[PDB]
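For the record, the sequence lines run as chains A and B.
Residue 1 is where the first sequence starts when you use this note's numbering, and the numbers rise one by one after that.
Residue 1001 is where the second sequence starts when you use this note's numbering, and the numbers rise one by one after that.
Where is the CB? At the ideal position from N, CA and C, for every residue including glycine.
Report on the following structure.
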Amino acid sequence: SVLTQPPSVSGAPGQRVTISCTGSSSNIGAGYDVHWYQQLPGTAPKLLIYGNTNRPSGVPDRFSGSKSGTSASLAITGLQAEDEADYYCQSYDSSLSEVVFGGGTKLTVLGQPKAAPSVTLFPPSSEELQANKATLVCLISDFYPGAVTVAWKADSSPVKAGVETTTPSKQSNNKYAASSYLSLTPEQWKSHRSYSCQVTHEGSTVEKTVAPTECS
Amino acid sequence: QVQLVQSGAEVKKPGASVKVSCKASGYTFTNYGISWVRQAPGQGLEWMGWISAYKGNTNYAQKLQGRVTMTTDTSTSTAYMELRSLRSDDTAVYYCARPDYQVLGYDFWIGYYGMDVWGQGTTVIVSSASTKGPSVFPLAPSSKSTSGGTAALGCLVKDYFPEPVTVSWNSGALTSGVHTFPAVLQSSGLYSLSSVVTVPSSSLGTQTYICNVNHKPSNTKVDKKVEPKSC
């Protein structure tokens, strides 16, 4: 994305949070208006702020916007649970002339304390190896807020291919769960001493390891 | 009652073309433009272009130039978006939206205003795959991965197309501790998901645990009894 937003912001209900949006000399720095959109999970975006500061009719007065020479900010006063969504800033860019968005900001309205994820790593099943396939399954549960980074390692080396990770999804207990998969060749699985999935949650990393020479 | 209604979901193979419509109602269609924005799974919003309904002028994102075409039928108050030479990374939900600007004569100021009305979105999946049933593999617990009174066991639902897949355990007799994860679309153009149960250790040797995987698109149902590993 051309505009820069924080990956995530959080706050307790009733508090006030702000989401910043910085650009460059060709968009926000050029004096172009900034608009803000809210997107609930699974729905289309909704215009929250237009022309830097204006609220459309129907949008609650809890939302407000401001813009400087370099950045724009969406302010949410009195946090409600319904405000938990992704928020996008949008502006215009003049180049050698397009609409540009920010990367999006996931707002969490904290309804419970932080929870580190539980991590269960599965080696490839014997049945899958017979199909000349091998999939490591990294299952991630019981973390809050719902944002994790997943990296894989082969022995002490970083894995940069064959990784698929799901967007976190809510469990019953309002905590979140995610899953990651490392697709491998049976020869790749058996030739290395170990494999690990590393899940980072709020700067802290949990690492589980499996090995072909030690059945688990 | 201002709203925009888009056409239904689409599944295409790479190299093909897709055309998505956007029916407008509740306002004078010809006094505004129509903008198109897409969103890849787990990604942000991405502008594609706009078209003015009155004069038919267009402005496309440079990354799609020569590949996208936008048209309007004023007699039916409908805008169209055609994306050609489709590739797997075109998989996204495609939205039409109305920039809140009444064109006074210069149409190219349309993209400068906020989009106040949005369609419901159109899912377009680009994949070389055809209908394919899933392979189900066990995720079995071992004596080492089971330290306490609760053990984790599940089933891996591998390489199916298209969605959806439903998973139950023991035909619905087991719901506590069960979590089925969302499917992930892989670089192969196939889906995979997992479902697990957290279960009391004492029941492992005498209580049967069976994943029930139903994939209606391929007329396939698979029951897989997950037993602990021998190690």
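For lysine 1144 of chain B, the neighbours in chain A by C-beta distance under 9 angstroms run, in chain order, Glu214, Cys215 and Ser216. Looking at the DSSP output, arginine 1038 of chain B bridges to B/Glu1046 and B/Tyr1094. If you ignore the 5 residues before and after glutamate 164 of chain A, its C-beta comes within less than 8 angstroms of the C-beta of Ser180, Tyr181 and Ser183, all in its own chain and listed in chain order.
By the C-beta density criterion, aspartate 83 of chain A is buried, having at least 16 other C-beta atoms within 10 angstroms. In the structure shown, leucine 1190 of chain B adopts coil according to DSSP, grouped into three states.
In chain order, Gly1114 make up the part of chain B whose C-beta sits under 7 angstroms from the C-beta of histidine 35 of chain A. In this chain, the beta strand (DSSP E) harbouring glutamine 39 of chain A covers 35–39. Under the Cβ criterion of 8 angstroms, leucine 139 of chain A is counted among the residues facing chain B. Contact between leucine 96 of chain A and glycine 14 of chain A does not hold, since their C-beta atoms are separated by about 48 angstroms, which reaches or exceeds 8 angstroms. Look at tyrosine 1060 of chain B here: in three-state DSSP terms it is strand.
When the five nearest sequence neighbours on each side are left out, the beta carbons in the same chain lying within less than 6 angstroms of the beta carbon of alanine 1129 of chain B are those of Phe1161, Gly1189 and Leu1190, in order along the chain.
Straight-line spacing of the CA atoms in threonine 4 of chain A and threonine 22 of chain A works out to 5 angstroms.
Nearest to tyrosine 1032 of chain B by alpha-carbon distance, out of B/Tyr1080, B/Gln1039 and B/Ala1053, is B/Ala1053.
In the structure shown, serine 1143 of chain B adopts coil according to DSSP, grouped into three states. Ranked by how close their Cα comes to the Cα of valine 1093 of chain B, the residues B/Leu1153, B/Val1222, B/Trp1036 and B/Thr1206 have B/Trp1036 in first place. At a beta-carbon threshold of 9 angstroms, the residues of chain A lying near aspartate 1100 of chain B are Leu47, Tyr50 and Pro56, ordered along the chain.
In this structure, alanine 85 of chain A sits away from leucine 129 of chain A, with a CB-CB distance that is not shorter than 8 angstroms. Interface annotation for the region 128–155 of chain A against chain B: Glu128, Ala131, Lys133, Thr135, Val137, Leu139 and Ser141, criterion Cβ-Cβ distance under 8 angstroms. C-alpha of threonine 1030 of chain B to C-alpha of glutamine 1120 of chain B: approximately 21 angstroms in a straight line.
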